Structures are given as C-alpha cells and as structure tokens.
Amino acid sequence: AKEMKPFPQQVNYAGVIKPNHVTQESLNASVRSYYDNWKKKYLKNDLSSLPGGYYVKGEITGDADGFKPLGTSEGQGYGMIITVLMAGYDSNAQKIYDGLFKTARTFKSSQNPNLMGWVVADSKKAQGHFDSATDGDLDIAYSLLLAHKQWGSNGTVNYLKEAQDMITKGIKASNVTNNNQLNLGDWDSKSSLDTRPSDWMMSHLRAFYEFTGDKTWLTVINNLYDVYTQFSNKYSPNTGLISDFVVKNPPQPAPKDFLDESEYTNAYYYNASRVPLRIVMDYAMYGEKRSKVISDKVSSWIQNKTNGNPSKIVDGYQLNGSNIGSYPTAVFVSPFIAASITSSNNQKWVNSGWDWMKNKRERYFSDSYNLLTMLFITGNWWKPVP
C-alpha cells in the first residue's frame, strides 16, 4: 500500500538491451509468475522463537554449532530485495518485508550488532549467536534503501535511518578494509586481504554513497575495479572470469578448499557465478564504463565457448575457461545472460537466455538468484536515488 515505485517499473536503462522477442507485458508476467512460485516455496514465517519473523528457506546445510540452519543472511538479503521490488503486485509486500527485517535485526551478529549473523535457526539461543557474512549485509542494507524509496521512512520502521546505521556502523566499520577492499565478514580482519568477488556489488555501493555522502564507498568501488583488472589480466586474460575467493596483493586466486567450502575456491565456481550480474548492474544503472568492459569480455567468452547455446553452460569453470561443471543451473546461466545486455549485437543470445531462464525452477540458490537476475534484465529492478 502506498507504493511510490510499484511493480512493474519496467525501466529502460541507457545502453542496455532487454529480451525483445516477447512484449514487456510478457516479461513482467514471467516475473510475476516466477515470484509467486518462489514465494510459495521459499518464503517462511514459522519460527517458534520469533513470531512475525520471516526468512528464506535455504538448503539442508551442515551442523551450525549444534543448531539446525533454516536459512542464511544471504538468503535473507535476496528475499528482502525481491520483496520490495514486487511491492505493488504483492499486496502484503511491506508486511513481509518488515517481517524479514525483524528477523535480520533479531538474529543480529555476535560481533558487530549492526549486522546480521549468517545463520537463521529457530532458537532464542541462536539469536545473536553467529557472526556475519559480508554479502548478506550488503543486500539487506541495500534493500532498506529500496524500502525507503518504496514506502518512505515515516512509518513503523525508519528504513532510511536503519539503512544508514547498517551501512556506516555495520558494513563500513567491520567490512571495509584499510586498503579499501571488502573482507569476508565481521569476524575477519580490518586489514584482511581475503575477499569474495561476488561481494563486489558495485551498484549497491553507488547507492550507499548517494544515501550517506560517504566518499569511502567511491574509493572502494574504484579500488575493487583496479583489483578485478589486475587479477584478470594475470589469471584470466582470455575469459575475464574471477575466482570464488581472492587473496593477497597483487590479488591472486585463493587456494583450493578455502574456508573448506569446496575444492574449486580457486576457480570460477558457485560463489563467483554471481559476479557477472553484480558488475554489469553498475554500467546499466550508473553508466560505469569499467563495468561494460568486464561484462563484454565475459559475455563474449561464454558465447563463443557454448557456440551461442545457453543450455551448454556448465556449473563451474577453471580461470582458463576449461569446464569443471556438468549441467546448466540458473545461478551460472542467468548472470552470464545479464552480463550480455550492454552490447546490441548480443540480442539473439539474450533472447535465447531469457527463454531458458524465465521458467527455470530447481532450488533455493539458483531460483533466488535467477529471480533477481530476471527482475533486473526486465527493467523491474529500479534504482534508489535520493
């Protein structure tokens, strides 16, 4: 109710193309439909330890210090952005969003209280028990800026103030490093050189700058672009890809089994699969030329690699382009499609990719990121401006 940016905003960002063999109404309809399916399967509000609290059902993870993980802050972030964007279509959007925010603040980090602990577990003891994960807080904080522009901050929750506190007292204080990179979480060092590229949400950082006036975010953006290029020119000169995790300076791929996540932490794997969308959005929304450069390189490589067939994309690649994965999943495919929207000569590829993703349902991770990608490439992810 009282949406100032009701769905569908269907914006047309300069220099970018959208799938064009279907109408905008068809694009919007595909998104509405995907959302209803996503919401029904993943949006939850059954926490005995937190009535009125919402979260996004993640995959059956391992033992989280004895607790049973139901979701993560990263899922919380995806859900919160999705929810605010669908406001206008989903009449219960603000109620759901405030419920997601309730969970995010109740399950605050055990280190920096202005951030969210990365695990959602149905227990009072788990509330304020876990430390943070940088990407979760980045999406959550960003969602608060969207909420502010969507409903204003005069109601029950002061979206803008909450955003500013989270951005400055949380993310900047604990995650922005001394050499202006982004560390892995509030448990990580202020001088840490360990970083996760999928955390380089350039377009999010632009908004942070615009809503706080803190130039710190601009210097972080510029440094990260420098780091990306320095990294790629040496380790991915023919693909433009980046690894799940990056370490040291000059930046280099993290070793295998980094943080015990997987043996491919040194390559373009599940964490990195999200990077193409995070980067391209900066060019689309703010016209950053460095974003278009990085996007076109990756886009052209993947197109040639699959001979223009998105169904040939696999879930994982070595930095030199050699296959690691074996099948097409949305978290990998969709971002590759989004990274292709800055060049009009990729229209057919964008059309084929859209057809592949629009109704692709599989699991929490791919589905959630696919919806975010779909929202963006259809012009329904508008940008918050003061």
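Numbers follow the displayed sequence, beginning with 1.
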property: Residue stretch of maximal mean CA temperature factor, 377-385 vs 2-10; result: 2-10
property: Stretch exceeding the other in mean C-alpha B-factor - 311-319, 150-158; result: 150-158
property: Among 278, 172, 196, 289 - the residue whose C-alpha B-factor is largest in the record; result: 289
property: Top Cα B factor in the deposited entry, candidates 273, 91, 266, 203; result: 91
property: Record-listed C-alpha B factor of residue 136: chain third; result: lowest
property: CA B-factor placement of residue 334, once the chain's modelled residues are sorted into thirds; result: lowest
property: Chain-relative CA temperature factor third for residue 235; result: middle
property: CA B-factor placement of residue 121, once the chain's modelled residues are sorted into thirds; result: middle
property: Within-chain third of residue 76 by Cα B-factor, per the entry; result: lowest
